[PDB]
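Okay, coords23.txt is below, compact mmCIF, N, CA, C and O atoms:
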# COMPACT_ATOMS: atom_id res chain seq x y z
N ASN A 1 0.83 -1.20 0.00
CA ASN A 1 0.00 0.00 0.00
C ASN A 1 0.87 1.26 0.00
O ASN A 1 0.84 2.09 0.91
N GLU A 2 1.66 1.40 -1.06
CA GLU A 2 2.53 2.54 -1.26
C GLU A 2 2.15 3.25 -2.56
O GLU A 2 2.01 2.61 -3.61
N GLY A 3 1.99 4.57 -2.48
CA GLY A 3 1.60 5.35 -3.64
C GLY A 3 2.64 6.37 -4.05
O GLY A 3 3.84 6.11 -3.97
N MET A 4 2.18 7.54 -4.48
CA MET A 4 3.06 8.61 -4.92
C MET A 4 2.41 9.95 -4.58
O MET A 4 1.47 10.01 -3.78
N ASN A 5 2.90 11.02 -5.20
CA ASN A 5 2.43 12.38 -4.96
C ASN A 5 2.05 13.04 -6.27
O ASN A 5 2.44 14.17 -6.56
N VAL A 6 1.28 12.33 -7.10
CA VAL A 6 0.89 12.86 -8.40
C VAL A 6 0.04 14.12 -8.22
O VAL A 6 -0.88 14.16 -7.39
N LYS A 7 0.36 15.15 -8.99
CA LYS A 7 -0.34 16.43 -8.91
C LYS A 7 -1.52 16.43 -9.87
O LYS A 7 -1.37 16.09 -11.05
N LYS A 8 -2.69 16.83 -9.37
CA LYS A 8 -3.89 16.89 -10.18
C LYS A 8 -4.61 18.22 -9.99
O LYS A 8 -4.08 19.13 -9.35
N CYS A 9 -5.81 18.34 -10.55
CA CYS A 9 -6.61 19.55 -10.46
C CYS A 9 -7.95 19.22 -9.81
O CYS A 9 -8.62 18.26 -10.21
N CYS A 10 -8.34 20.02 -8.82
CA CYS A 10 -9.59 19.83 -8.09
C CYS A 10 -10.49 21.03 -8.31
O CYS A 10 -10.08 22.17 -8.08
N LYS A 11 -11.72 20.77 -8.75
CA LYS A 11 -12.65 21.83 -9.12
C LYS A 11 -14.04 21.48 -8.60
O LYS A 11 -14.37 20.30 -8.47
N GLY A 12 -14.84 22.49 -8.31
CA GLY A 12 -16.21 22.27 -7.89
C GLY A 12 -16.71 23.42 -7.05
O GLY A 12 -16.05 24.45 -6.90
N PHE A 13 -17.91 23.22 -6.50
CA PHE A 13 -18.52 24.22 -5.62
C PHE A 13 -17.66 24.45 -4.38
O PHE A 13 -17.44 25.59 -3.97
N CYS A 14 -17.17 23.37 -3.78
CA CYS A 14 -16.31 23.50 -2.61
C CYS A 14 -15.02 24.22 -2.94
O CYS A 14 -14.52 25.01 -2.14
N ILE A 15 -14.46 23.96 -4.13
CA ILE A 15 -13.24 24.65 -4.54
C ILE A 15 -13.50 26.14 -4.71
O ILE A 15 -12.68 26.98 -4.32
N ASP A 16 -14.64 26.50 -5.30
CA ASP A 16 -14.99 27.92 -5.43
C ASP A 16 -15.17 28.57 -4.06
O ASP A 16 -14.73 29.71 -3.85
N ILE A 17 -15.81 27.87 -3.13
CA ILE A 17 -15.98 28.39 -1.78
C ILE A 17 -14.62 28.61 -1.12
O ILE A 17 -14.38 29.63 -0.47
N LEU A 18 -13.71 27.65 -1.29
CA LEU A 18 -12.38 27.78 -0.70
C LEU A 18 -11.61 28.94 -1.32
O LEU A 18 -10.89 29.66 -0.62
N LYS A 19 -11.74 29.13 -2.64
CA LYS A 19 -11.08 30.26 -3.29
C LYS A 19 -11.63 31.58 -2.78
O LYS A 19 -10.87 32.53 -2.54
N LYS A 20 -12.95 31.67 -2.61
CA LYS A 20 -13.54 32.89 -2.06
C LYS A 20 -13.06 33.13 -0.63
O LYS A 20 -12.77 34.28 -0.25
N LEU A 21 -12.97 32.07 0.18
CA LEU A 21 -12.46 32.21 1.54
C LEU A 21 -11.03 32.71 1.54
O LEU A 21 -10.66 33.59 2.33
N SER A 22 -10.19 32.15 0.66
CA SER A 22 -8.80 32.59 0.58
C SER A 22 -8.70 34.05 0.14
O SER A 22 -7.86 34.79 0.64
N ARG A 23 -9.55 34.46 -0.81
CA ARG A 23 -9.53 35.85 -1.25
C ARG A 23 -9.97 36.80 -0.14
O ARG A 23 -9.39 37.88 0.02
N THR A 24 -10.98 36.41 0.64
CA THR A 24 -11.46 37.27 1.71
C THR A 24 -10.45 37.36 2.86
O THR A 24 -10.13 38.46 3.33
N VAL A 25 -9.95 36.21 3.33
CA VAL A 25 -8.98 36.21 4.42
C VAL A 25 -7.59 36.61 3.95
O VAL A 25 -6.72 36.90 4.79
N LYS A 26 -7.36 36.64 2.64
CA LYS A 26 -6.11 37.10 2.03
C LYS A 26 -4.92 36.22 2.38
O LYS A 26 -3.77 36.69 2.37
N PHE A 27 -5.15 34.95 2.70
CA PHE A 27 -4.08 34.01 3.03
C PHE A 27 -4.08 32.86 2.03
O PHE A 27 -5.14 32.47 1.52
N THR A 28 -2.89 32.32 1.76
CA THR A 28 -2.74 31.25 0.79
C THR A 28 -3.29 29.94 1.37
O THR A 28 -3.68 29.86 2.54
N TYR A 29 -3.33 28.90 0.54
CA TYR A 29 -3.89 27.62 0.95
C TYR A 29 -3.16 26.49 0.24
O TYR A 29 -2.89 26.57 -0.96
N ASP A 30 -2.85 25.44 0.99
CA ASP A 30 -2.38 24.18 0.45
C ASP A 30 -3.38 23.09 0.81
O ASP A 30 -3.70 22.88 1.98
N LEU A 31 -3.88 22.39 -0.21
CA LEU A 31 -4.95 21.42 -0.01
C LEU A 31 -4.49 20.04 -0.45
O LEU A 31 -3.85 19.90 -1.49
N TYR A 32 -4.82 19.03 0.36
CA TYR A 32 -4.46 17.65 0.09
C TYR A 32 -5.68 16.88 -0.42
O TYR A 32 -6.74 17.44 -0.68
N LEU A 33 -5.50 15.57 -0.57
CA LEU A 33 -6.58 14.65 -0.90
C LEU A 33 -6.58 13.52 0.12
O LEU A 33 -5.53 12.93 0.40
N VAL A 34 -7.75 13.23 0.68
CA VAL A 34 -7.86 12.19 1.70
C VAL A 34 -7.76 10.82 1.05
O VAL A 34 -8.45 10.52 0.06
N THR A 35 -6.89 9.97 1.60
CA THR A 35 -6.68 8.62 1.08
C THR A 35 -7.12 7.52 2.03
O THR A 35 -7.42 6.42 1.57
N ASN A 36 -7.17 7.79 3.34
CA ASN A 36 -7.58 6.77 4.29
C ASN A 36 -9.06 6.42 4.12
O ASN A 36 -9.43 5.24 4.09
N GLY A 37 -9.91 7.44 4.01
CA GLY A 37 -11.33 7.21 3.84
C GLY A 37 -12.03 8.35 3.11
O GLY A 37 -11.37 9.19 2.50
N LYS A 38 -13.36 8.37 3.18
CA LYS A 38 -14.15 9.43 2.55
C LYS A 38 -14.55 10.52 3.53
O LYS A 38 -14.25 11.70 3.31
N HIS A 39 -15.22 10.16 4.62
CA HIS A 39 -15.62 11.10 5.65
C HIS A 39 -15.01 10.80 7.01
O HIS A 39 -14.59 11.72 7.71
N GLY A 40 -14.95 9.53 7.39
CA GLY A 40 -14.32 9.15 8.64
C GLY A 40 -15.30 8.79 9.74
O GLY A 40 -16.26 9.52 10.00
N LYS A 41 -15.06 7.65 10.39
CA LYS A 41 -15.87 7.20 11.51
C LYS A 41 -14.97 6.73 12.64
O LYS A 41 -13.83 6.31 12.41
N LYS A 42 -15.48 6.82 13.87
CA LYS A 42 -14.71 6.44 15.05
C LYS A 42 -14.62 4.92 15.12
O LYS A 42 -15.57 4.25 15.53
N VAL A 43 -13.47 4.38 14.73
CA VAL A 43 -13.21 2.95 14.77
C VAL A 43 -12.06 2.71 15.74
O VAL A 43 -10.98 3.29 15.57
N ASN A 44 -12.29 1.86 16.74
CA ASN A 44 -11.29 1.56 17.77
C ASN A 44 -10.81 2.84 18.46
O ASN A 44 -9.63 2.99 18.77
N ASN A 45 -11.74 3.76 18.68
CA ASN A 45 -11.45 5.06 19.30
C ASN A 45 -10.39 5.82 18.51
O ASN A 45 -9.59 6.58 19.07
N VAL A 46 -10.38 5.63 17.19
CA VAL A 46 -9.46 6.30 16.29
C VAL A 46 -10.25 6.89 15.14
O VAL A 46 -11.05 6.18 14.51
N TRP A 47 -10.04 8.17 14.86
CA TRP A 47 -10.71 8.84 13.75
C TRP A 47 -9.85 8.74 12.50
O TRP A 47 -8.64 8.96 12.55
N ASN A 48 -10.49 8.41 11.38
CA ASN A 48 -9.83 8.31 10.09
C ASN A 48 -10.48 9.27 9.10
O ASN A 48 -11.34 10.08 9.45
N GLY A 49 -10.05 9.18 7.84
CA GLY A 49 -10.63 10.01 6.80
C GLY A 49 -10.29 11.48 6.98
O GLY A 49 -9.28 11.85 7.59

Would you mind giving the structure from this file in structure tokens?
Amino acid sequence: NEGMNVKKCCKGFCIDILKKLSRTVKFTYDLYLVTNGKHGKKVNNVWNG
């Protein structure tokens, strides 16, 4: 279970909201992609996703 760091493009309503937030707060942003899960649930008292 070893991958890489391939660079892609993420677009959508959430991306537009994040861009507006960055423009208003005037601070930059670095965004990742979740690989462990989709949303995350408490399993073995450990949060994932």

DSSP says helix (DSSP H, G or I) for which residues of chain A? Put them as a PyMOL selection string?
chain A and resi 13-25

As a PyMOL selection string, list the residues of chain A assigned to strand (DSSP E or B) by DSSP on the backbone atoms of this structure.
chain A and resi 42-43+46-47

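Interatomic distance, atom C of residue A:6 to atom N of residue A:28: 21.0 Å.
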
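Our summary of the geometry notes that atom N of residue A:15 is positioned 13.8 Å from atom C of residue A:33.
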
For residue A:35, list every protein, DNA or RNA residue within 12 Å, evaluated using only C-alpha atoms, and leave out those in the same chain fewer than 5 positions away; present the list as a ChimeraX atom specification.
/A:1-5,40,48-49

Could you work out an axis-aligned bounding box for all listed atoms of stretch 11-29 of chain A, with 4 Å added on each of the six sides, and give its centre and edge lengths in Å to one decimal, as AutoDock Vina command-line options?
--center_x -10.6 --center_y 29.4 --center_z -2.2 --size_x 23.8 --size_y 26.2 --size_z 21.9

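Rounded to one decimal, atom N of residue A:37 and atom N of residue A:8 lie 17.9 Å from each other.
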